[PDB]
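Have a look at the structure below before the remarks.
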Amino acid sequence: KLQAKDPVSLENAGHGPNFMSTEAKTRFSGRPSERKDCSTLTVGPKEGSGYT
Amino acid sequence: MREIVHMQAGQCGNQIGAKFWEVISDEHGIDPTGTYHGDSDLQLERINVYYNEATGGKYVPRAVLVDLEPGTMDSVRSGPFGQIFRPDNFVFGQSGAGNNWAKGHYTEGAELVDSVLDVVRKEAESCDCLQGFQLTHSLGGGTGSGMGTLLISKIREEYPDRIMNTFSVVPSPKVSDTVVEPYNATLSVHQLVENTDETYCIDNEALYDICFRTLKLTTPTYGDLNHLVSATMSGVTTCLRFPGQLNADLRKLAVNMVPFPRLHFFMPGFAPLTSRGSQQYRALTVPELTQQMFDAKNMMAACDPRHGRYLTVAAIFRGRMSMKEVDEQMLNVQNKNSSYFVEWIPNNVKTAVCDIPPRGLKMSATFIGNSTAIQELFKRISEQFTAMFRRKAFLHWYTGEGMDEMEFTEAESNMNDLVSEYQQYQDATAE
Amino acid sequence: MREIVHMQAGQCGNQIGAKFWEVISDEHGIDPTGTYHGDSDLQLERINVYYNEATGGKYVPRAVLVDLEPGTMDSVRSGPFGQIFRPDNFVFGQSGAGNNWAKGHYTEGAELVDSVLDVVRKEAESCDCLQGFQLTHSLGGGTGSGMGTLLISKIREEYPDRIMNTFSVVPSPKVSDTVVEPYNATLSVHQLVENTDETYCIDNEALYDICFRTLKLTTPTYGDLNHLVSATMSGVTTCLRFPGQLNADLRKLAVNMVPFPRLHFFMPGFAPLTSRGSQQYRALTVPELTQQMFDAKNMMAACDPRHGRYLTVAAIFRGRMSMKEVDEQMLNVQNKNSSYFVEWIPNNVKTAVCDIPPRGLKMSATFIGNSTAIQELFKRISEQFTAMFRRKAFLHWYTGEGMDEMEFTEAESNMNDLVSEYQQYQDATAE
Amino acid sequence: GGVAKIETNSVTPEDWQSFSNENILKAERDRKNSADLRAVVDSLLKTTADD
Amino acid sequence: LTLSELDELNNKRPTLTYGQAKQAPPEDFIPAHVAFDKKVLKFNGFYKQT
Amino acid sequence: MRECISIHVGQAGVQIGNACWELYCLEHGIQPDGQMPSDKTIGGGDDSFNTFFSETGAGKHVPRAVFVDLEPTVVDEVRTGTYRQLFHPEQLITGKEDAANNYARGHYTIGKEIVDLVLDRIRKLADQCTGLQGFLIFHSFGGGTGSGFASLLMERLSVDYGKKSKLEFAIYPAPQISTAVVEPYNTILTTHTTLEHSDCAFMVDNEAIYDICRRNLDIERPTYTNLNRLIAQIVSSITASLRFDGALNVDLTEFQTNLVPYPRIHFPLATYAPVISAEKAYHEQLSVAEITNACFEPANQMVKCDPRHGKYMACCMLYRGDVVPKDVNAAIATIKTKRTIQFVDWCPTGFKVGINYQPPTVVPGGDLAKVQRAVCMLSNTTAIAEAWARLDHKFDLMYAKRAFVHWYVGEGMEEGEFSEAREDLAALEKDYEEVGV
Amino acid sequence: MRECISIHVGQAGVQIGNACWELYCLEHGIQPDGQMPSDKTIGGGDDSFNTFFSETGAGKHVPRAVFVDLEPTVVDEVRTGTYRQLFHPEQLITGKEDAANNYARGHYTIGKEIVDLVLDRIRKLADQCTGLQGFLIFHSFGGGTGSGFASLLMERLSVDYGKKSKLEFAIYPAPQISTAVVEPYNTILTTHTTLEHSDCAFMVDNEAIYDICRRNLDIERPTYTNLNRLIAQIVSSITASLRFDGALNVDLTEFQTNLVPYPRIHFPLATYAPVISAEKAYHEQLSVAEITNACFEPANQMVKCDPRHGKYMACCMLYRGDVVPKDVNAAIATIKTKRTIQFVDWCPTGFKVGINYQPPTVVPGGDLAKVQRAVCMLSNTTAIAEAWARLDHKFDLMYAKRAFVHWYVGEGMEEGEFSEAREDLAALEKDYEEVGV
Ligand SMILES: Nc1nc2c(ncn2[C@@H]2O[C@H](COP(=O)(O)OP(=O)(O)OP(=O)(O)O)[C@@H](O)[C@H]2O)c(=O)[nH]1
Ligand SMILES: Nc1nc2c(ncn2[C@@H]2O[C@H](COP(=O)(O)OP(=O)(O)OP(=O)(O)O)[C@@H](O)[C@H]2O)c(=O)[nH]1
Ligand SMILES: Nc1nc2c(ncn2[C@@H]2O[C@H](COP(=O)(O)OP(=O)(O)O)[C@@H](O)[C@H]2O)c(=O)[nH]1
Ligand SMILES: Nc1nc2c(ncn2[C@@H]2O[C@H](COP(=O)(O)OP(=O)(O)O)[C@@H](O)[C@H]2O)c(=O)[nH]1
Ligand SMILES: [Mg+2]
Ligand SMILES: [Mg+2]
């Protein structure tokens with residue numbers, strides 16, 4: 001897992017790509033920008049953005 | 001909405017076109033009845049390239065099936081996936097010579113050409129884009145070469161702007177199986193030079209070589225040779241049918257291989273090809289695909305590529321790939337064997353990566369070579385022809401229907417100019 | 001990601017390599033199908049040294065099986081754990097030489113060598129960080145001696161820097177098993193001296209003695225014989241596969257054990273080995289492991305390090321032990337038995353401790369010794385060679401399919417030079 | 001049918017127990033801090049009235 | 001000895017040739033600019049003026 | 001106000017545009033069906049989407065792009081894909097016959113039947129636009145539609161519009177890696193056409209992007225999706241000054257004025273820093289000095305071109321995120337004390353920096369990591385003359401024997417445009433020489 | 001401001017570094033994922049970790065270490081072990097083929113494949129250093145990458161830097177216990193770079209550490225883990241003065257200018273006290289006078305050479321914990337009147353005292369006791385000539401008939417290197433003999 005990556009073999013967890021699947025349909029899935037559920041994680045201290 | 005109208009001429013044409021139609025019908029999900037049973041919208045979105053919808057939701061191949069004698073066409077109607085064809089585009093003659101280019105091109109071929117031309121006009125006017133024409137004939141016979149070259153001449157005179165490729169199964173020294181093969185090939189190669197845009201020359205002894213050493217099979221029969229030819233045929237139009245990262249249709253392939261109008265005699269190949277007992281023991285990758293294509297024992301033409309120089313190589317890869325391995329494998333091949341590539345054209349590789357592999361294979365590739373080593377078959381056929389023509393043997397069978405020996409001399413001379421042109425563009429340096 | 005290519009030559013090499021591959025598949029948790037059914041991540045930690053990931057989850061061994069006649073490869077394929085091998089890695093010819101160095105090296109071995117070299121080139125190209133080659137064969141045969149030494153030579157000019165290991169089953173002092181065995185042994189070690197990086201000399205007489213006086217076992221059987229040799233083979237390449245406290249690969253062993261470029265014939269030894277009636281009477285501890293490891297009866301060759309002198313010693317331990325007591329035992333063995341160690345080299349025992357023992361054992365050790373005692377074996381083969389060569393016994397073939405007496409003369413001279421070198425470095429003084 | 005869909009999110013049975021255990025330990029840790037602050041506020045409500 | 005040890009031979013014994021399983025630290029850290037990205041709180045207001 | 005019109009031409013253009021508009025929708029919070037999330041909010045202004053998206057009034061955020069190709073494959077792939085209700089169906093334009101890697105076919109035969117309709121759509125978009133900042137034409141110099149019809153569209157747009165800027169994002173062929181044999185012909189013809197009708201021509205290679213994805217993002221097997229995501233990051237960092245607000249801002253009109261000295265040298269290089277995966281991102285500080293050094297590293301350019309074989313002329317650096325203007329001219333000072341990075345003598349001040357406080361947007365399921373600071377470098381070095389000379393040598397090898405020239409003569413061209421392009425390219429070499437000396 | 005970069009080269013170097021960094025993490029309260037749970041630190045204030053760790057700004061603490069091996073193994077064990085998240089991925093540099101106990105392999109052929117990676121990583125760690133103070137380098141003389149590549153890295157490091165302090169913590173070969181064969185060859189081939197590229201070099205013997213673990217720690221089953229734990233405690237006691245606060249304290253410059261009299265005489269004895277188990281710390285008082293007396297014992301040194309056969313040239317004591325300078329003065333008065341310890345006549349005052357009030361910390365699963373006080377005694381002494389004499393006897397014994405020289409000669413090394421390195425070590429012995437008469 002800590003080697004140089006392969007998106008094709010890392011598609012579908014680790015079992016490789018799907019039958020009759022094209023690159024644009026697999027990659028450009030139109031997923032929304034995820035908002036992390038950091039309830040169990042420990043968020044580091046805020047450093048402030050450029051607006052601050 | 002590009003499309004190709006297909007033509008089968010002769011017994012070999014009607015066999016290796018039948019196998020081509022059933023393998024692409026399997027790729028497109030078409031039943032032997034004709035009703036779709038696939039799983040993806042990609043499998044129908046570009047089905048208009050080869051099929052016509054009919055009333056009742058059934059797809060018909062856009063093919064014209066021509067033979068002088070109607071035994072092979074009864075066989076192709078009887079074969080599996082044989083009932084998808086229309087019965088209108090089944091053109092037959094009552095008589096018919098066979099293994100006689102004069103009596104396939106001049107006599108009993110001058111009146112059946114009107115019927116096949118009418119069918120071609122019908123199938124071409126039933127179109128909106130009409131990318132082009134695909135003839136799957138074979139040199140050596142009468143109606144394969146004579147009627148086939150007459151069809152190519154008529155089509156080139158009618159539509160001289162559409163892409164139009166012939167395949168041809170050009171004669172071999174060892175398998176032979178016909179006395180008049182040098183005459184039949186010599187009388188048709190100059191017509192192919194003048195008219196055909198892409199000639200994908202296949203050879204029977206090379207197909208037997210593949211099914212003997214590459215994949216074992218212990219009895220290659222005839223269906224496996226046709227399946228190799230059919231997979232090679234399907235690997236060229238996979239950019240026309242299925243989408244991919246980098247696309248190349250027939251016109252792009254013609255532009256990016258042929259440098260000059262007369263040098264359009266490609267030699268094809270296919271990868272992967274494994275034995276049935278060692279298919280699960282192989283790591284199928286793009287580098288190993290390149291290993292298999294760039295090899296003398298894999299090419300489906302009888303020429304050894306090491307005996308000349310590559311002008312251009314087309315690699316039509318199929319599958320979920322990374323473009324960097326494709327580019328670096330082609331460049332490593334060129335940089336290693338740079339002596340076998342012409343130096344006045346840098347980077348002699350056209351690359352087309354499609355996203356849909358053929359069924360049963362995860363990672364496939366189709367090879368096309370414009371090698372200058374293709375002149376060995378032409379020199380061989382020329383010396384066989386001049387051996388049979390130095391004393392005029394089997395010549396009354398050709399001159400009984402108005403053909404002159406000056407036609408034979410002109411065909412031999414033009415074939416010699418083709419050989420000399422290939423020699424010149426092999427030995428030419430960046431002066 | 002260091003990796004070696006295994007190469008079995010002769011029928012002895014084929015059986016011993018099948019035994020080695022099945023026991024290493026048991027060590028790495030590979031089923032006879034070829035998949036993985038183990039219980040730890042450390043088995044796939046370094047699975048690439050011996051196995052290749054076929055697309056489909058199968059692990060194919062990186063082995064080349066060579067035989068002149070398809071004999072024992074049928075047994076290898078039809079026995080258990082024989083389906084893992086790729087069927088394209090079996091190389092055979094239609095004839096079979098058998099116990100003839102000249103036929104196995106010049107007439108029949110010269111036809112298979114191109115195919116074997118192609119297969120080995122393919123395996124080394126499949127490698128990306130190749131460590132070297134490990135060839136198993138027997139001295140006293142036609143394919144094991146002749147074809148094996150031809151392969152060793154050819155791969156020596158192919159890869160002049162990779163580490164070359166040979167596991168050679170050497171003739172026993174008693175019981176012949178072959179009457180041209182001194183001829184084959186001399187004519188093969190003439191190549192083994194100057195073409196191998198390290199050679200492990202193994203003989204059935206000492207292995208049978210181990211099986212009776214150490215393991216009782218009533219009926220030894222070549223399965224257990226090749227099991228003992230394969231356990232040594234698995235022990236010698238342990239640090240390449242599993243993490244440890246002191247790593248040592250084959251290059252490390254060669255550097256620390258080969259003082260002079262000709263002196264590289266070792267006596268292997270594996271010594272967790274207890275009779276089944278005495279498992280309840282021993283404690284598997286490091287001092288007892290060291291004692292049975294340095295015992296003369298445990299040696300897998302008939303030569304006596306008590307009669308000779310240890311130049312260098314390599315001890316590879318497996319298991320979660322201490323370092324201090326291992327180092328203390330290696331110092332203590334020399335400090336008591338200082339008459340069997342040459343004193344112009346101080347502390348001539350190398351230690352390589354790995355964390356993971358083999359399955360079913362708390363701890364393990366394997367012993368690789370470069371004694372000067374091995375000159376007795378070459379003296380035996382030399383006088384058994386000259387007793388035949390002084391009356392031209394069995395020489396009519398070796399002159400028939402193409403050698404002179406000069407080759408036998410040079411082989412005998414090289415063997416006697418090796419004997420003189422071993423003697424001079426045995427009796428050389430400290431200062 | 002069932003449909004092959006891989007698995008993605010699925011926890012080991014000792015990870016499932018460790019999710020509920022560390023929720024209880026985090027809630028107990030914040031409960032004793034409130035109990036520490038409750039004794040602070042109660043104590044200063046007596047001293048400030050006395051001062 | 002008892003011959004039932006042949007049937008007891010196929011028992012699952014505690015495999016320990018690979019040592020004790022090392023404990024792994026959970027991935028319970030995330031930087032603030034990655035944890036709180038794209039998170040905006042929207043409200044509505046009057047802002048009365050005279 | 002402050003809007004630009006995107007023109008994605010070619011298969012490379014359409015795929016780059018897919019990546020670009022996915023990044024733009026994720027940056028502005030627009031759903032793939034062109035709607036706001038309503039219950040979720042993305043934050044940031046009221047008109048910080050109008051550069052690329054025009055509002056219908058019912059909440060439909062239709063973009064400002066024209067995807068055009070002479071092939072129904074790559075564009076119907078978009079029409080089938082997840083962004084099927086985002087684009088107006090008249091924006092996505094397909095021909096019937098392919099250009100077949102032929103500049104003559106794409107410029108004289110097949111381009112003319114579709115050029116009128118694509119300029120009609122461009123006119124409709126520009127009439128919708130209040131005041132246009134410029135066009136962004138995404139294509140490839142390799143061949144076909146991106147070299148032919150694209151140059152035709154540039155000529156017609158320069159005739160019809162004039163003073164409006166036409167920025168190019170050109171996928172220029174690698175010195176060694178290429179996927180076609182007529183690429184020198186197509187590149188020299190399209191460059192001779194765009195040398196007289198462009199204002200700026202940002203070059204992005206492919207082999208260099210393979211090098212970036214291999215060394216930096218440690219992807220040993222990269223596809224075109226990662227390359228297009230990097231190019232999308234380049235163009236997003238370019239236009240973030242127009243889109244958001246903050247510190248020092250530069251617009252696309254005078255990007256050129258602070259970039260190109262003479263109206264011949266308009267081929268700036270590209271660089272992005274940082275380009276790091278999710279593993280090697282939270283273990284580094286990512287300071288402004290570090291990202292400026294990562295921009296100035298020779299093995300970090302977006303084009304296979306060593307910047308040490310030539311002098312710099314202008315460097316426009318666009319910083320994004322937690323970037324204070326103290327650190328920018330603290331790092332630029334160290335760059336100027338460095339002597340291996342040697343600037344041209346007639347340009348004492350050769351930096352134009354623009355700082356926006358908006359960090360870059362990470363795509364879900366992508367390869368780049370969420371970094372607090374980033375910088376996109378646009379260099380105008382003289383070192384690209386090596387690539388120009390390699391193109392000239394390849395053209396000489398191919399044109400010495402007139403190979404693959406009948407394909408261009410028989411579909412519209414004369415045999416004088418090849419020589420005209422060649423002498424124009426040699427003139428470009430000599431202009432670079434006199435600029436350098 | 002201060003930092004200390006630690007390089008760990010070789011299998012022995014990486015195995016020292018594992019225990020070193022677990023001890024540093026437990027000293028600074030850093031969890032293996034890479035952040036502190038609390039903010040204030042017991043002893044030192046706030047930035048007491050800058051000598052070893054660096055802030056990413058977001059709360060991640062990355063060590064200032066470079067773990068280098070010419071081998072996938074061991075460094076992959078670190079990369080897949082407990083501390084897989086603490087270490088930066090690019091500061092663990094691995095090769096492909098091991099040097100196989102060959103100085104020629106490690107120095108001439110395969111070292112010059114990742115010597116530039118480790119140098120670039122060193123430069124990038126030094127760029128994050130505000131004021132850099134140390135280059136603590138950990139390796140062994142057993143051979144391979146710990147000798148040849150350590151020599152190559154030390155040579156390039158000393159020509160690049162040189163105003164810094166390059167300290168060595170070398171695993172010198174023990175007089176009679178050794179785990180290899182060509183150890184004298186490798187040690188003599190690498191002793192030149194310890195002579196003329198090192199500011200100081202502390203060399204230990206594995207059997208000396210074995211003996212002190214067997215006697216003091218009561219471990220009849222000692223292991224390399226215990227050896228690395230003791231060596232890590234020694235290095236922590238050396239470097240605690242930079243990070244933690246306390247009384248009169250010595251940084252590396254003061255230490256190495258009060259330790260070495262001459263540039264070639266920089267090879268001191270190492271001793272740690274009280275090396276003690278917990279069930280024996282229940283019985284011992286562990287007072288300052290008795291731990292100083294335990295430091296002045298023949299069977300307590302890290303290297304097997306009896307100090308009664310030489311003259312103590314200088315001693316630097318570093319005390320930690322409940323230590324008062326009054327108690328130190330009493331202990332020094334006790335030592336200076338002992339007839340067993342004698343000094344050179346040209347060193348009237350021969351003690352340099354550093355004090356910290358931070359006691360050493362213990363690791364779970366460890367072997368040392370939690371002592372209230374400790375002392376590291378580092379003494380430049382002429383009695384180390386025994387080790388060089390034994391090594392030269394072994395090397396001459398093997399080199400009398402040219403054993404194993406064919407490996408080095410064929411692996412790109414001239415045969416005169418052995419002779420000239422032997423001459424250099426003979427000169428070093430001559431200096432150490434007649435420096436103290
Ligand atoms: N970076 C990047 N380059 C691409 C991509 N797709 C194609 N290219 C480049 O485009 C070049 C070939 O020209 P194309 O863009 O495929 O041709 P076209 O512009 O679509 O015109 P036609 O030849 O008619 O298809 C190749 O050399 C590629 O380097 C892509 O997705 N990303
Ligand atoms: N104190 C201590 N010494 C060690 C340890 N591991 C190895 N050594 C020493 O290292 C010497 C051998 O060199 P290695 O470190 O194993 O090898 P290397 O430096 O990685 O170089 P290569 O031989 O190429 O692998 C031995 O003599 C040991 O004394 C350890 O964990 N602790
Ligand atoms: N591939 C293929 N080759 C054939 C077949 N029949 C004949 N040939 C070869 O081609 C030559 C004659 O071609 P033929 O098929 O008779 O041509 P046709 O009469 O026009 O159909 C012979 O020398 C054969 O070696 C066939 O069915 N398939
Ligand atoms: N240990 C062991 N030795 C074997 C085995 N098979 C053959 N041999 C030895 O090999 C010698 C005969 O050589 P042979 O194998 O016939 O050589 P080949 O003809 O080249 O294969 C005999 O002395 C046997 O002792 C085996 O399975 N195990
Ligand atoms: Mg296209
Ligand atoms: Mg090592």
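As shown in the structure tokens, the chain order sets the letters A, B, ...; within each chain, residues go from 1, and ligands are also counted from 1 in the order they appear.
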
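RMSD of chain G versus chain F, all Cα atoms, in-order pairing, least-squares fit: 1.1 Å.
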
Long-range neighbours of stretch 127-131 of chain B as an mmCIF file with N, CA and C atoms, in the first residue's frame, 10 Å cut-off, only C-alpha atoms, 2 positions minimum in chain:
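Written file, part_31.cif:
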```cif
data_model
loop_
_atom_site.group_PDB
_atom_site.id
_atom_site.type_symbol
_atom_site.label_atom_id
_atom_site.label_comp_id
_atom_site.auth_asym_id
_atom_site.auth_seq_id
_atom_site.Cartn_x
_atom_site.Cartn_y
_atom_site.Cartn_z
ATOM 1 N N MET B 1 -21.722 10.378 -36.725
ATOM 2 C CA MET B 1 -22.303 9.047 -36.847
ATOM 3 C C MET B 1 -21.654 8.270 -37.986
ATOM 4 N N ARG B 2 -20.335 8.084 -37.904
ATOM 5 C CA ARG B 2 -19.569 7.448 -38.972
ATOM 6 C C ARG B 2 -19.945 5.979 -39.115
ATOM 7 N N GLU B 3 -19.920 5.469 -40.351
ATOM 8 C CA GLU B 3 -20.239 4.060 -40.535
ATOM 9 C C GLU B 3 -19.452 3.469 -41.696
ATOM 10 N N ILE B 4 -19.324 2.149 -41.658
ATOM 11 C CA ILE B 4 -18.615 1.386 -42.672
ATOM 12 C C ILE B 4 -19.580 0.367 -43.249
ATOM 13 N N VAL B 5 -19.656 0.309 -44.571
ATOM 14 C CA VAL B 5 -20.347 -0.773 -45.255
ATOM 15 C C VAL B 5 -19.331 -1.869 -45.560
ATOM 16 N N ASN B 48 -24.630 2.062 -34.960
ATOM 17 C CA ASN B 48 -24.945 2.456 -36.327
ATOM 18 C C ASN B 48 -23.737 2.402 -37.254
ATOM 19 N N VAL B 49 -22.541 2.144 -36.721
ATOM 20 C CA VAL B 49 -21.352 2.027 -37.559
ATOM 21 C C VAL B 49 -21.438 0.789 -38.442
ATOM 22 N N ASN B 52 -27.915 -1.736 -39.041
ATOM 23 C CA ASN B 52 -29.100 -0.970 -39.387
ATOM 24 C C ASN B 52 -30.264 -1.493 -38.562
ATOM 25 N N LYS B 122 -27.531 1.187 -52.686
ATOM 26 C CA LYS B 122 -28.584 1.129 -51.674
ATOM 27 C C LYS B 122 -28.016 1.298 -50.268
ATOM 28 N N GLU B 123 -26.980 0.524 -49.934
ATOM 29 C CA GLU B 123 -26.425 0.577 -48.585
ATOM 30 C C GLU B 123 -25.639 1.857 -48.323
ATOM 31 N N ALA B 124 -25.195 2.556 -49.369
ATOM 32 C CA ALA B 124 -24.490 3.817 -49.175
ATOM 33 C C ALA B 124 -25.455 4.992 -49.080
ATOM 34 N N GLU B 125 -26.567 4.949 -49.814
ATOM 35 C CA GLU B 125 -27.585 5.979 -49.677
ATOM 36 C C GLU B 125 -28.448 5.791 -48.441
ATOM 37 N N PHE B 133 -15.743 1.972 -46.626
ATOM 38 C CA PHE B 133 -15.956 0.647 -47.190
ATOM 39 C C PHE B 133 -14.894 -0.301 -46.653
ATOM 40 N N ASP B 161 -13.815 9.803 -52.135
ATOM 41 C CA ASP B 161 -13.470 10.605 -50.967
ATOM 42 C C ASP B 161 -13.732 9.892 -49.644
ATOM 43 N N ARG B 162 -14.158 8.635 -49.671
ATOM 44 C CA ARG B 162 -14.503 7.885 -48.475
ATOM 45 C C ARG B 162 -13.385 6.896 -48.184
ATOM 46 N N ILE B 163 -13.147 6.605 -46.900
ATOM 47 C CA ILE B 163 -12.055 5.692 -46.585
ATOM 48 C C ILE B 163 -12.487 4.281 -46.959
ATOM 49 N N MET B 164 -11.539 3.477 -47.428
ATOM 50 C CA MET B 164 -11.889 2.230 -48.100
ATOM 51 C C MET B 164 -10.700 1.286 -47.963
ATOM 52 N N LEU B 240 -13.841 3.948 -33.561
ATOM 53 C CA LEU B 240 -15.109 4.340 -34.168
ATOM 54 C C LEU B 240 -16.287 3.956 -33.286
ATOM 55 N N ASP B 249 -9.601 7.040 -35.962
ATOM 56 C CA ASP B 249 -10.451 6.305 -36.885
ATOM 57 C C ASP B 249 -9.631 5.851 -38.092
ATOM 58 N N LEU B 250 -10.322 5.356 -39.123
ATOM 59 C CA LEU B 250 -9.643 4.821 -40.300
ATOM 60 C C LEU B 250 -8.890 5.905 -41.057
ATOM 61 N N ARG B 251 -9.479 7.097 -41.173
ATOM 62 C CA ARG B 251 -8.817 8.175 -41.901
ATOM 63 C C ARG B 251 -7.588 8.675 -41.152
ATOM 64 N N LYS F 96 -19.225 15.944 -38.202
ATOM 65 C CA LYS F 96 -19.480 14.600 -38.704
ATOM 66 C C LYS F 96 -18.193 13.877 -39.078
ATOM 67 N N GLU F 97 -17.377 14.457 -39.952
ATOM 68 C CA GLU F 97 -16.106 13.854 -40.318
ATOM 69 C C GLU F 97 -14.997 14.349 -39.401
ATOM 70 N N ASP F 98 -14.060 13.457 -39.099
ATOM 71 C CA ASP F 98 -12.935 13.791 -38.243
ATOM 72 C C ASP F 98 -11.837 14.465 -39.051
#
```

Notebook entry, point to check: Could you pull out all residues of stretch 194-377 of chain C with a DSSP call of helix (DSSP H, G or I) and give them as a ChimeraX atom specification?
Noted result: /C:194-195,204-213,222-236,250-257,279-281,286-294,324-336,372-377

Note to self: Neighbouring residues of stretch 14-17 of chain A were defined as those with any atom within 12 Å, considering only C-alpha atoms; residues of the same chain fewer than 4 positions away were excluded. Please report them as a PyMOL selection string.
What the structure shows: (chain A and resi 1+5-10+21-23+25-27) or (chain B and resi 319-321+355-357+362-363) or (chain C and resi 55-57) or (chain D and resi 5-8)

Contacts of ligand 4, 6 Å or closer, only C-alpha atoms and all ligand atoms, given as a CSV table (one decimal) with N, CA and C atoms, in the first residue's frame:
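To be explicit, this is the file written out as pocket11.csv:
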```
chain,number,residue,atom,x,y,z
C,10,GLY,N,18.6,-31.2,-15.0
C,10,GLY,CA,18.7,-32.6,-14.8
C,10,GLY,C,17.5,-33.1,-14.1
C,11,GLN,N,17.4,-34.5,-13.9
C,11,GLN,CA,16.3,-35.1,-13.2
C,11,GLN,C,16.4,-34.9,-11.7
C,12,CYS,N,17.7,-35.0,-11.2
C,12,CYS,CA,17.9,-34.7,-9.8
C,12,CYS,C,17.6,-33.2,-9.5
C,15,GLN,N,13.6,-32.9,-9.5
C,15,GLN,CA,13.0,-33.4,-8.2
C,15,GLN,C,13.3,-32.5,-7.0
C,16,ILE,N,14.6,-32.1,-6.9
C,16,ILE,CA,15.0,-31.3,-5.8
C,16,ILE,C,14.4,-29.9,-5.8
C,98,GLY,N,21.6,-38.3,-21.1
C,98,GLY,CA,21.6,-39.1,-19.9
C,98,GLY,C,23.0,-39.6,-19.5
C,99,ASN,N,23.5,-39.1,-18.4
C,99,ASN,CA,24.8,-39.5,-17.9
C,99,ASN,C,25.9,-39.5,-18.9
C,138,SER,N,23.1,-32.0,-10.5
C,138,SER,CA,23.8,-33.1,-9.9
C,138,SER,C,25.1,-33.3,-10.7
C,140,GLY,N,27.5,-35.9,-12.1
C,140,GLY,CA,27.4,-37.3,-12.4
C,140,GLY,C,26.3,-37.7,-13.3
C,141,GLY,N,25.8,-36.7,-14.1
C,141,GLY,CA,24.7,-36.9,-15.0
C,141,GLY,C,25.0,-36.3,-16.4
C,142,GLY,N,24.1,-36.3,-17.3
C,142,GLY,CA,24.2,-35.7,-18.6
C,142,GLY,C,23.6,-34.3,-18.7
C,143,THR,N,22.4,-34.2,-18.2
C,143,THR,CA,21.7,-32.9,-18.1
C,143,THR,C,22.1,-32.1,-16.9
C,144,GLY,N,22.2,-32.7,-15.8
C,144,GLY,CA,22.6,-32.0,-14.6
C,144,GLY,C,24.1,-31.4,-14.7
C,145,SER,N,25.0,-32.2,-15.2
C,145,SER,CA,26.4,-31.8,-15.3
C,145,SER,C,26.5,-31.0,-16.6
C,177,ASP,N,26.3,-45.2,-8.3
C,177,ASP,CA,25.0,-44.6,-8.9
C,177,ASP,C,25.2,-44.2,-10.3
C,204,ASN,N,24.7,-37.9,-1.2
C,204,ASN,CA,23.7,-38.7,-0.7
C,204,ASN,C,24.2,-39.6,0.4
C,222,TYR,N,13.8,-40.4,-1.0
C,222,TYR,CA,14.3,-39.2,-1.6
C,222,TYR,C,13.5,-38.0,-1.4
C,225,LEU,N,15.1,-36.8,1.6
C,225,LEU,CA,16.5,-36.3,1.2
C,225,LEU,C,16.4,-34.9,0.6
C,226,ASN,N,15.6,-34.8,-0.4
C,226,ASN,CA,15.4,-33.5,-1.1
C,226,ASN,C,14.8,-32.5,-0.1
```
